[PDB]
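Single chain ahead, by itself, as structure tokens, in the form deposited without the named molecule.
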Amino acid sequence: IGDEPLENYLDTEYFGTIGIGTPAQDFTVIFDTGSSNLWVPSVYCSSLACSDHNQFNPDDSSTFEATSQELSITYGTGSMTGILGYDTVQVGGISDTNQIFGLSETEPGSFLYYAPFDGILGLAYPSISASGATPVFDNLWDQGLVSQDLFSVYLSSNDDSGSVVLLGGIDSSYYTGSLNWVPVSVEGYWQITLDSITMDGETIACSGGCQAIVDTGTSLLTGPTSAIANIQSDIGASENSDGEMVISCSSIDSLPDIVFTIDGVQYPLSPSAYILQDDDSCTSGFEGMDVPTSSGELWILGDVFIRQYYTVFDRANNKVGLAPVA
């Protein structure tokens, strides 16, 4: 069982520390169930984001092995370019040997410039891995470095320390009642089938059901813009002059819960979770983002959702386990 504690940065981003090389070079990376590649800034990167983040220097490692494979990945937030290399990666006290990862060359954008983390560590299926690069968890499993082919995530609230990624285990004390298992619907992302969304006996969105993904890498709850608008309406969010989707903090005490039906079990989200409160400003936890796939317009169950449900990702079984947090 590997134990990777995670930093809770303003309830928006959660990142943990990893070591790469011998002796280890330390990096912070976001633990994303929405991607599958592992990558960190390198000495080969001249970009601005690379000038205010720790850079991996392969010349300093005795266990580094180069390759001529190039890497190019585009996210909803930007792009990155680099090369693949193999080295030992320390993650959650586990020494993941002969792990392929990318050395960045370019990281264009002010988004990475600003980010508190240095790289990303993907936790989704190998099927969405750029360059076919073996993901960290697969490599742990392939070398018998973990006992069970699963990982579990506990994300804290209120900026408290305590969020964790448990590689090859479940911590029965982080949840209540029993774990409910949902079949993965499409293996790429941790994609599941969302039955409906409801407010007081009424189906406010995703009628006849839809497709959602469980993503630790996304802060809010996203859906197609058209359906998000209906929800925004139903909870009292209105667009302010500076773009924001402001809401009256009083609504928190007054609004009902939005219930997500997954495989037939009801998963309530309380106004306390879906409205964000920061010094007198309360805003919506819902966001408009058309994420057109083949099998639809995706809904992203982001940190807003995850912080309320302990989540287990099971690759043995291809299932998602959810239980209300303790």
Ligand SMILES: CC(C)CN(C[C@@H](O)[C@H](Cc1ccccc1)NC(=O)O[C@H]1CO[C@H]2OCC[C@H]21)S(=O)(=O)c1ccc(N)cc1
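One-based numbering along the sequence shown.
Same protein, other form: the form solved in complex with the named molecule, not shown, and the subject of what follows.
Engineer: Hey, in the deposited bound form, does residue 41 get a heavy atom within 4.5 angstroms of the named molecule?
Structural biologist: Residue-level check for residue 41: no, no contact with the named molecule.
Engineer: Whether residue 75 contacts the named molecule in the deposited bound form should be assessed with a 4.5 Å heavy atom distance threshold; does it?
Structural biologist: Flag for residue 75 set to yes.
Engineer: Even though the named molecule is not shown here, does residue 259 get within 4.5 Å of it in the deposited bound form, heavy atoms only?
Structural biologist: Taking the distances in the deposited bound form, the answer for residue 259 is no, it never comes within 4.5 Å of the named molecule.
Engineer: Can you tell me whether residue 111 touches the named molecule? I mean in the deposited bound form, with a 4.5 angstroms heavy atom cut-off.
Structural biologist: So residue 111 counts as contacting the named molecule.
Engineer: Picking from 217-225, 154-162, 200-208, 170-178, which part of the chain touches the named molecule in the deposited bound form when contact means heavy atoms within 4.5 Å?
Structural biologist: Single hit among the candidates: 217-225.
Engineer: Is it true that 189, 291 and 300 each have at least one non-hydrogen atom within 4.5 Å of the named molecule in the deposited bound form?
Structural biologist: Yes: each residue has a heavy atom within 4.5 Å of the partner.
Engineer: Would you kindly say which of 120, 194, 103, 89 lies with a heavy atom within 4.5 Å of the named molecule in the deposited bound form?
Structural biologist: Filtering the options by heavy-atom distance leaves 120.
Engineer: Within 4.5 Å of the named molecule in the deposited bound form, counting any non-hydrogen atom, which residues from 13-49 show up?
Structural biologist: Counting only heavy atoms within 4.5 Å of the named molecule in the deposited bound form, the contacting residues of 13-49 are 30, 32, 34, 35.
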